[PDB]
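Chemist: Pasting in a structure now, in structure tokens, and then I'll have a few things to ask.
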RNA sequence: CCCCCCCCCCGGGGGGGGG
RNA sequence: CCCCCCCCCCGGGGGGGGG
Ligand code: NA
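Residue numbers (the authors' numbering): 35 to 138, 163 to 443, 449 to 560.
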């Protein structure tokens with residue numbers, strides 16, 4: 035038996051209804067399968083519930099050849115009568131599109171505008187699905203390779219819709235994953251059991267417990283008390299107490315798309331001025347923030363696309379609007395500015411201490427003659443929308464295709480949404496973005512993505528602060544631990560020595 | 001229902017090459 | 001230890017033929 039301790043923050047049996055760029059769902063990574071997986075810095079489509087695929091010459095039609103003999107979980111709440119087929123695929127994508135499921163808000167898919175990408179998803183055979191596209195999109199299968207594109211049971215959802223019970227789908231799960239849900243208690247624990255009739259090499263550990271109960275501080279406490287074999291997201295100050303010399307535990311870090319940033323509200327006539335935006339950035343000592351907030355578990359970010367992305371062809375050039383308080387003091391002190399800085403009051407994966415950082419920003423800006431008034435704001439209060452002049456947020460993405468993170472944050476389409484906190488719209492940026500998905504080749508795709516990044520770094524719609532590392536601590540008995548920038552953790556590979 | 005071919009998938013074992 | 005080829009075995013699913 036194995037115990038995985040993590041935060042109760044962001045816990046869901048459905049990453050589809052979850053707010054985008056906030057999590058990597060460790061639970062749905064085990065109980066649900068996608069059609070494909072992408073677990074390499076080359077973005078190779080690993081076949082999962084789809085054995086293979088082919089794209090039409092015009093690029094507007096994708097055909098998916100689904101795996102045979104795949105069965106859904108046999109749980110106390112559901113007992114399947116048939117194998118996985120085209121019907122389960124058709125239901126799952128049509129739900130997120132907003133198309134007919136034929137039964138008695164998806165933040166990620168809304169921000170990437172899936173229904174504007176997909177025309178239709180239809181079953182040709184029980185083991186063949188046809189995807190119609192409005193125009194060629196080289197990002198489609200990468201989005202269907204993401205944590206958000208899990209496949210649900212059509213047989214289960216038909217039975218549930220028969221009694222208005224479709225809410226159960228997210229309370230009592232049924233998937234094809236290597237692990238199965240046994241029992242749980244919300245925000246406390248999840249009890250997983252190995253799926254015996256799995257379509258691939260079976261899970262090595264029969265029983266896994268996902269512990270959500272303990273706080274960030276007492277997580278390493280529970281670990282060293284040996285009631286916890288893998289400890290995820292530990293307290294940042296506690297990391298500097300740990301070592302790589304120990305023969306009883308080891309640490310594993312990973313880089314990826316885990317960005318903390320500051321956005322300018324472009325609904326504020328002052329914030330629409332490039333002069334002040336470039337000066338506010340020059341007033342910020344982002345180097346000093348990395349030590350006080352992250353204690354060497356982060357990189358000062360002068361990029362939007364991580365270096366682990368196939369789209370990173372730029373070797374992160376010097377930032378033109380980096381810390382220089384003298385230039386900042388001149389342009390701002392004489393302007394006599396007072397700005398409302400909002401901070402989302404929640405646990406952030408890209409921010410251990412968001413309010414502490416908001417004080418360091420309030421301090422750095424006062425030196426150059428800018429008055430900052432920080433406000434603790436809730437996620438639904440912001441959704442309701449003195450309005451903010453600056454907001455402190457970020458993005459955590461496993462999908463390293465910049466269509467999945469740069470489009471939600473800076474596109475015109477998402478301007479009046481929670482994803483684009485800058486309320487920015489640049490038709491030249493949307494131009495590069497659109498071009499980057501009409502071309503199928505990496506050379507062509509990375510060129511347009513670097514062009515858009517270069518534009519973002521000069522227009523300054525956001526100030527990138529940190530390149531955050533996701534950390535975990537594991538016991539020496541535990542082998543089969545592989546932390547990747549592409550997703551959460553695969554519990555199938557875990558085993559004791 | 002049994003026996004035999006072809007195709008795809010999965011798992012295991014063995015030999016060759018690359019980091 | 002990971003990734004990839006070749007060979008053999010096993011199991012499952014699908015299509016063709018014989019009793
Ligand atoms: Na918005």
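Even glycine gets a Cβ: it sits at the ideal position worked out from N, Cα and C.
Within 8 Å, do at least three Cβ pairs link the region 289-297 to the region 534-550?
Modeler: Yes: the two stretches touch, three or more of their Cβ pairs being nearer than 8 Å.
Chemist: Answer yes or no: do residue 418 and residue 338 have a C-beta to C-beta separation smaller than 8 Å?
Modeler: Result no, Cβ atoms of residue 418 and residue 338 do not sit closer than 8 Å.
Chemist: Which of helix, strand or coil does DSSP assign to residue 344?
Modeler: Residue state, collapsed to three classes: helix.
Chemist: Could you tell me whether the region 273-285 touches the region 501-515, where touching means 3 or more Cβ pairs closer than 8 Å?
Modeler: The region 273-285 is not in contact with the region 501-515.
Chemist: Could you please give the first and the last residue of the uninterrupted alpha helix (DSSP H) stretch that includes residue 418?
Modeler: 412-424 is the extent of the alpha helix (DSSP H) around residue 418.
Chemist: Measuring alpha carbon to alpha carbon, tell me which residue in 454, 335 and 123 is nearest residue 233.
Modeler: Closest option to residue 233, Cα to Cα, is 123.
Chemist: Under a three-way DSSP split, which group does residue 129 fall into?
Modeler: Of the three classes helix, strand and coil, the one that applies to residue 129 here is helix, per DSSP.
Chemist: Just confirm the distance between the C-beta atoms of residue 203 and residue 68, as a whole number of angstroms; I'd bet it's less than 8 Å.
Modeler: Contact flag correct, Cβ pair sits at about 6 Å.
Chemist: Quick one: is residue 503 buried, meaning 16 or more other Cβ sit within 10 Å of its Cβ, or exposed?
Modeler: Label assigned to residue 503: exposed.
Chemist: Does the contact criterion of 3 or more C-beta pairs under 8 Å hold for the region 456-470 versus the region 398-409?
Modeler: The region 456-470 vs the region 398-409: in contact.
Chemist: Would you call residue 179 buried or exposed, if buried means 16 or more other Cβ atoms sit within 10 Å of its Cβ?
Modeler: Buried is the call here.
Chemist: For the candidate residues 482, 557 and 549, whose alpha-carbon lies nearest to that of residue 75?
Modeler: It is 549 whose Cα lies nearest to the Cα of residue 75.
Chemist: Determine the closest residue to residue 191 out of 173, 181, 185 and 183, with distance taken between C-alpha atoms.
Modeler: It is 173.
Chemist: Beta-carbon separation of residue 430 and residue 423 under 8 Å?
Modeler: Yes, they are a contact pair.
Chemist: Quick check: residue 340 and residue 385, are their CB atoms within less than 8 Å of each other?
Modeler: It is a contact, given that the beta carbons lie within the stated cut-off.
Chemist: Is the CB-CB distance between residue 381 and residue 354 below 8 Å?
Modeler: It is not a contact, given that the beta carbons lie outside the stated cut-off.
Chemist: Going by CA-CA distance only, name the one from 305, 316 and 121 that's closest to residue 98.
Modeler: Comparing Cα-Cα distances from residue 98 to each of 305, 316 and 121, the minimum goes to 121.
Chemist: Pick out the complete alpha helix (DSSP H) segments inside the region 233-293, 4 residues or longer, and give them in chain order.
Modeler: Fully enclosed alpha helix (DSSP H) runs of 4 or longer: 277-282.
Chemist: Can you tell me which residues form a DSSP beta bridge with residue 82?
Modeler: Per DSSP, none; premise fails for residue 82.
Chemist: Could you pull the start and end residues of the alpha helix (DSSP H) that residue 388 belongs to?
Modeler: Element bounds for residue 388: 383-391.
Chemist: Could you tell me which residues DSSP pairs with residue 533 in its beta bridges?
Modeler: The partner list for residue 533 (beta bridge, DSSP) reads 312.
Chemist: Is the region 209-218 touching the region 479-486 in the sense that three or more CB pairs, one from each, lie closer than 8 Å?
Modeler: Contact between the region 479-486 and the region 209-218 is absent, because fewer than three Cβ pairs lie under 8 Å.
Chemist: Out of curiosity, what's the CA-to-CA distance linking residue 256 and residue 109?
Modeler: If you take the alpha carbons of residue 256 and residue 109, they lie about 14 Å apart.
Chemist: Would you decide whether residue 143 is buried or exposed? Buried here means 16 or more other CB atoms lie within 10 Å of its CB.
Modeler: There are no atomic positions for residue 143 here, as the chain continues from 138 directly to 163.
Chemist: Compute the Euclidean distance between the alpha carbons of residue 95 and residue 183, then round it to the nearest angstrom.
Modeler: Each residue's Cα considered, the two are about 16 Å apart.
Chemist: Does the distance between the C-beta of residue 480 and the nearest non-hydrogen atom of the ligand NA fall short of 7 Å?
Modeler: Within the cutoff, so yes.
Chemist: For residue 281, count the other beta carbons within 10 Å of its own beta carbon; 16 or more makes it buried, fewer makes it exposed. Which is it?
Modeler: It is buried - the Cβ of residue 281 has at least 16 other Cβ atoms within 10 Å.
Chemist: With respect to 7 Å, is the separation between the Cβ of residue 97 and the closest non-hydrogen atom of the ligand NA below this value?
Modeler: False, no ligand heavy atom lies under 7 Å from that Cβ.
Chemist: Over what stretch of residues does the alpha helix (DSSP H) that includes residue 200 continue unbroken?
Modeler: Its alpha helix (DSSP H) spans residues 198-201.
Chemist: Is residue 484 a contact residue of the ligand NA, with contact defined as CB to any heavy atom under 7 Å?
Modeler: Correct: residue 484 has its Cβ closer than 7 Å to the ligand NA.
Chemist: Does residue 304 come out as helix, strand or coil in the three-state DSSP assignment?
Modeler: The answer is coil: DSSP assigns residue 304 none of H, G, I, E or B.
Chemist: Measuring alpha carbon to alpha carbon, tell me which residue in 217, 279, 316 and 470 is nearest residue 299.
Modeler: It is 279.
Chemist: Less than 6 Å between C-beta atoms, sequence neighbours within five positions excluded: which residues of the same chain meet that for residue 240?
Modeler: Hits under 6 Å: 249 and 251.
Chemist: Please name the residue in 167, 254 and 188 whose C-alpha comes closest to that of residue 105.
Modeler: If we check each option's Cα against that of residue 105, 254 comes out closest.
Chemist: Going by the DSSP bridge assignment, what does residue 39 pair with across the sheet?
Modeler: Its beta-bridge partners are 269 and 289.
Chemist: Taking the alpha helix (DSSP H) that residue 494 belongs to, which residues open and close that run?
Modeler: Residues 490-498.
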